[PDB]
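The chain below stands alone and is given as structure tokens, in the form deposited without ligand 7JW.
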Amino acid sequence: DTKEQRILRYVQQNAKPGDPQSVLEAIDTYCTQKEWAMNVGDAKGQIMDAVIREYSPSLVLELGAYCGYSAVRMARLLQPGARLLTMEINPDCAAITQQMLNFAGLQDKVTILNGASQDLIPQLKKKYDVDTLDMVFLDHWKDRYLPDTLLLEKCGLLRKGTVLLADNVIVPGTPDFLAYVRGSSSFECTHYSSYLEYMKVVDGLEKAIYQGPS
């Protein structure tokens, strides 16, 4: 059995249906118990929650779903009517994320997209009826953070005030992405530090607010 399956099994046996907070806590507890390096975790979750509150997005794109922790984290804060679109390359992770959201009672707010971001991003405008995104959470493959930011721009999916929030920008690192957004007049950037256990290293998130085209 995969780590994802076991996490889901544990949630289903210990958390309360329709209680997103209970789901998040169960995931965090189980991974802490097993000493499994979490993808996100509650401290980084707090940063995400504050971003959501501050910009009040109605349409959010998540790149990378894994077991669904971040999808549950964001969807639970969205208003009625709001949508989260989450892209996941691995069908097994997509399946676990769907079940996790169902358990949390948040499935009504989320659409899971199966495939790679390079293939799915250009389909957002017509297949998924997206005009512009309010927020993007980048948590997929490090070497696509910059390409996908450029692709989002090219497809007309960003507008002034669209928030990009990128995880793991120090470890393993996305230095080209950081150099681009920090250097570009199209983005206003803020960094947030957070420690990773086991590797015992400071990592971080970058918030980059799009300003409009150059």
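Only residues modelled in both forms are compared. In this text, residue numbers run from 1 along the sequence as written. For clarity, a rigid core is taken as the largest C-alpha set superposing within 1.5 Å between two forms.
As for the form solved in complex with ligand 7JW, it is not shown, yet the points below apply to it.
With respect to ligand 7JW in the entry with it bound, the three residues 157, 187 and 206 uniformly fall beyond 4.5 angstroms at the level of their nearest heavy atom. Not displayed here, ligand 7JW is kept clear of residue 76 by more than 4.5 Å at the level of heavy atoms in the entry with it bound. With a 4.5 Å cutoff on heavy atoms, residue 128 does not count as touching ligand 7JW in the entry with it bound; it lies far away.
Though the partner is left out of this view, residue 43 does not reach within 4.5 Å of ligand 7JW in the entry with it bound, counting heavy atoms only. When contacts are judged by a 4.5 Å heavy atom cut-off, residue 55 does not count as touching ligand 7JW in the entry with it bound. Scanning 84 to 103 for heavy atoms within 4.5 Å of ligand 7JW in the entry with it bound gives no residues at all. Rigid core superposed between this form and the one not shown, residues 58, 184, 46, 39 considered: the one with a C-alpha shift of 2 Å or more is 39.
When the two forms are overlaid on the core, consecutive residue runs of 3+ whose CA positions all differ by 2 Å or more between this form and the one not shown map to 37 to 39, 195 to 201.
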